[PDB]
Amino acid sequence: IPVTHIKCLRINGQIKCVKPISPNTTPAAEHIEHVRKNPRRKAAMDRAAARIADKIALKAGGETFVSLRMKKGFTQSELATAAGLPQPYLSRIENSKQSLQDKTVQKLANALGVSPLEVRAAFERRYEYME
Amino acid sequence: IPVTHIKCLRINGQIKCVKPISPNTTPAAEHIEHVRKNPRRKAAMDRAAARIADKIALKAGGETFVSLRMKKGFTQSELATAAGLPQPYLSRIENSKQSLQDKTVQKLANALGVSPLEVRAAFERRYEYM
Ligand SMILES: NC(=O)C[C@H](N)C(=O)O
Ligand SMILES: NC(=O)C[C@H](N)C(=O)O
Ligand SMILES: [Cl-]
Ligand SMILES: [Cl-]
Ligand SMILES: [Cl-]
Ligand SMILES: [Cl-]
Ligand SMILES: [Cl-]
Ligand SMILES: [Cl-]
Ligand SMILES: [Cl-]
Numbered sequence: 001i002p003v004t005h006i007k008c009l010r011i012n013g014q015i016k017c018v019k020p021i022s023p024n025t026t027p028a029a030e031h032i033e034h035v036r037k038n039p040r041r042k043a044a045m046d047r048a049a050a051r052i053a054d055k056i057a058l059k060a061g062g063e064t065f066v067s068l069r070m071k072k073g074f075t076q077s078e079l080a081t082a083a084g085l086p087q088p089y090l091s092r093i094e095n096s097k098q099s100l101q102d103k104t105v106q107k108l109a110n111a112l113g114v115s116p117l118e119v120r121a122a123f124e125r126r127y128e129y130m131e
Numbered sequence: 001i002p003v004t005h006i007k008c009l010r011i012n013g014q015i016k017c018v019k020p021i022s023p024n025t026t027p028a029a030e031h032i033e034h035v036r037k038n039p040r041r042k043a044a045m046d047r048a049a050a051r052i053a054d055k056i057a058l059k060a061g062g063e064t065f066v067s068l069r070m071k072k073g074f075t076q077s078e079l080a081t082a083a084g085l086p087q088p089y090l091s092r093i094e095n096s097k098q099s100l101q102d103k104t105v106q107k108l109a110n111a112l113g114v115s116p117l118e119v120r121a122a123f124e125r126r127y128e129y130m
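Chains A and B, in that order, are what the protein sequence lines are.
Per the entry's author numbering, the first sequence starts with residue 1, numbered consecutively.
Per the entry's author numbering, the second sequence starts with residue 1, numbered consecutively.
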């Protein structure tokens, strides 16, 4: 039953203790990136993503955040890059997160070229409402 | 400015409101999987992963959780499948999370075939002690 002291970053009303190590370029990521560099390959993938996004929308109640990302032809990696976000954080936005800050909605809206309302409406499909 | 009521799942002292839909196959995931189905390709990638894992360990103080995963030749997808975990949760384990439940450490230790201590020591490299 021990105690140990760790250095943490306090940056404007927010504590950051965890330092996730950041080597963006991993072989699997590197691979898909090279595959998508061919426009003919990219399209083939895109059409598959769209078809799968339909199955997601129907299954889930309507357009989800992932669903929408897929129909616009963005891999999670591509969208993360387009929207000035880290991919881990984007993964959380697609799967785990309960809300989005306004600034993020806008970054994402711009990246995908759709309205804030669209982004927000998609995000909110992870819930089950009742009226 | 109204109020909208949402249905949430309460399951043994834990609330689950968010439903992240799960059809497990996307084209990018599908692609790498097929690429890794060739053992000759898998190896080429594995050797690259290991080399990159070295740069990670040196940069970061020692073996990190990602580092370790890479040296054993597991893509995040592969390790998530091997350890009976969801890949979103695994991504959070590698990047965001502050601790691991004992049950998880064990699931992971088994998947990678290393000790709990190794898993734990790796995870703890995301901090700066003194
Ligand atoms: N999250 C962090 O990076 C905190 C760390 N102690 C630092 O050097 O800033
Ligand atoms: N997220 C889940 O696992 C289920 C969801 N909480 C529901 O509405 O039942
Ligand atoms: Cl693109
Ligand atoms: Cl989260
Ligand atoms: Cl809006
Ligand atoms: Cl009601
Ligand atoms: Cl009900
Ligand atoms: Cl994809
Ligand atoms: Cl990898």
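Each residue gets a CB set at the ideal place from its N, CA and C atoms; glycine is no exception.
In its chain, beyond the 5 residues on either side, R41 have a beta carbon closer than 6 Å to the beta carbon of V35 (chain A).
Annotation: Cβ neighbours of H5 (chain A) in chain B (cutoff 9 Å, chain order): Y129 and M130. Against chain A, the CB of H31 (chain B) has a partner CB under 8 Å away; the residue lies at that interface. Closest in C-alpha terms to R120 (chain A), from the list A:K71, A:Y89, A:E63 and A:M130, comes A:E63.
By the 16-neighbour rule on beta-carbons within 10 angstroms, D46 (chain B) is buried. Residue pairing for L9 (chain A): DSSP places it in a beta bridge opposite A:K16. In this structure, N95 (chain B) lies near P88 (chain A), with their beta-carbon atoms less than 8 Å apart.
From the listed residues A:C17, A:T75 and A:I11, the smallest Cα separation to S99 (chain B) is found for A:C17. Under the Cβ criterion of 8 Å, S115 (chain B) is not counted among the residues facing chain A.
With a 10 Å radius around the Cβ and a threshold of 16 neighbouring Cβ atoms, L117 (chain B) comes out exposed. If you compare the alpha carbons of B:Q76, B:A82 and B:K103 with that of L90 (chain B), the shortest gap goes to B:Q76. In this structure, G61 (chain A) sits near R125 (chain A), with a CB-CB distance shorter than 8 Å.
Scanning the stretch 46-119 of chain B from its first residue to its last, the whole alpha helix (DSSP H) runs of 4-plus residues come out as 65-71, 76-82, 87-95 and 102-112. Secondary-structure assignment with DSSP links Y129 (chain A) through a beta bridge to B:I6. By alpha-carbon distance to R69 (chain B), the top candidate from B:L85, B:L108, B:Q101 and B:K97 is B:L108. Checking the 7 Å criterion, the Cβ of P27 (chain A) is within range of a heavy atom belonging to ligand 9. A distance filter of 6 Å between CB atoms and the heavy atoms of ligand 2 selects the following residues in sequence order: A:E128, B:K7, B:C8, B:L9, B:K16, B:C17, B:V18 and B:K19.
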